[PDB]
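Asks: There's a structure below that I have some questions on.
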Amino acid sequence: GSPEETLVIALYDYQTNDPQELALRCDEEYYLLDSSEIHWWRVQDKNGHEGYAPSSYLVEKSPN
């Protein structure tokens, strides 16, 4: 139970001002797309919104 794609949780409320970054909410989670990364982790909201998200300000939820 861990197909490349997974979910993440934003530790802190990180608000952005660009369509490249995705607005994050504390306690909220998102759909992880690019995890192999080295640069910026892509995330997608259940609302169809996507953007970059600091991997440092979140943690892998990993479904059991």
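Chain identifiers are assigned as A, B, and so on, following the order in which chains appear in the structure tokens; residues are numbered from 1 within each chain, and ligands are numbered from 1 in order of appearance.
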Within 10 Å of residue A:46, counting only C-alpha atoms, which residues show up once you throw out same-chain ones fewer than 5 positions away? Write them as a PyMOL selection string, please.

Replies: chain A and resi 29-31

Asks: Limited to N, CA, C and O atoms, could you put the picked residues into a file as a PDB file, in the first residue's frame?

Replies:
ATOM      1  N   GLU A  29      -4.649  18.152   4.015  1.00  0.00           N
ATOM      2  CA  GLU A  29      -3.799  17.250   3.234  1.00  0.00           C
ATOM      3  C   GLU A  29      -4.005  17.460   1.736  1.00  0.00           C
ATOM      4  O   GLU A  29      -4.952  18.127   1.318  1.00  0.00           O
ATOM      5  N   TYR A  30      -3.101  16.896   0.930  1.00  0.00           N
ATOM      6  CA  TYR A  30      -3.179  17.039  -0.528  1.00  0.00           C
ATOM      7  C   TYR A  30      -2.718  15.769  -1.249  1.00  0.00           C
ATOM      8  O   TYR A  30      -2.107  14.883  -0.654  1.00  0.00           O
ATOM      9  N   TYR A  31      -3.009  15.717  -2.550  1.00  0.00           N
ATOM     10  CA  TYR A  31      -2.622  14.588  -3.405  1.00  0.00           C
ATOM     11  C   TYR A  31      -1.190  14.809  -3.918  1.00  0.00           C
ATOM     12  O   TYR A  31      -0.906  15.814  -4.566  1.00  0.00           O
TER      13      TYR A  31
END

Asks: For stretch 15-23 of chain A, please output as a list in words all residues within 9 Å (counting only C-alpha atoms; exclusion window: fewer than 3 positions along the same chain).

Replies: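 Close residues of stretch 15-23 of chain A: residues 42, 43, 44, 45, 49, 50, 51, 52 and 53 of chain A.
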
Asks: Using C-alpha atoms, can you write the selected residues to a file as a short mmCIF file (atom, residue, chain, number, x, y, z; two decimals), in the first residue's frame?

Replies:
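Done, and the output landed in again01.cif:
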data_model
loop_
_atom_site.label_atom_id
_atom_site.label_comp_id
_atom_site.auth_asym_id
_atom_site.auth_seq_id
_atom_site.Cartn_x
_atom_site.Cartn_y
_atom_site.Cartn_z
CA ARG A 42 3.88 18.93 -6.60
CA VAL A 43 0.57 18.68 -4.79
CA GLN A 44 -3.07 18.69 -5.91
CA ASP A 45 -6.18 19.76 -4.02
CA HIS A 49 -5.86 23.05 -7.84
CA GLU A 50 -2.19 22.13 -8.31
CA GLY A 51 1.12 23.79 -7.51
CA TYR A 52 4.49 23.40 -5.82
CA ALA A 53 4.69 22.83 -2.06
#

Asks: Between atom CA of residue A:54 and atom CA of residue A:37, what is the spacing in Å?

Replies: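 Separating atom CA of residue A:37 from atom CA of residue A:54 is a distance of 11.4 Å.
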
Asks: Which residue out of A:27, A:10, A:56, A:1 has the minimum interatomic distance to residue A:39 when only C-alpha atoms are used?

Replies: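 Comparing A:27, A:10, A:56, A:1 against residue A:39, the winner is A:56.
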
Asks: Could you pull out the strand (DSSP E or B) residues of stretch 23-52 of chain A, going by DSSP on the backbone, and write them as a PyMOL selection string?

Replies: chain A and resi 29-32+41-44+50-52

Asks: How would the residues just picked look written out with C-alpha atoms as a CSV table (one decimal), in the first residue's frame?

Replies:
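Output saved as out.csv:
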chain,number,residue,atom,x,y,z
A,29,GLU,CA,-3.8,17.2,3.2
A,30,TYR,CA,-3.2,17.0,-0.5
A,31,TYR,CA,-2.6,14.6,-3.4
A,32,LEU,CA,1.1,14.0,-4.0
A,41,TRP,CA,7.0,18.6,-4.5
A,42,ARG,CA,3.9,18.9,-6.6
A,43,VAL,CA,0.6,18.7,-4.8
A,44,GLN,CA,-3.1,18.7,-5.9
A,50,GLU,CA,-2.2,22.1,-8.3
A,51,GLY,CA,1.1,23.8,-7.5
A,52,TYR,CA,4.5,23.4,-5.8

Asks: Rank A:25, A:38, A:47, A:61 by their smallest atom-to-atom distance to residue A:7, using only C-alpha atoms, and report the top residue only.

Replies: A:61
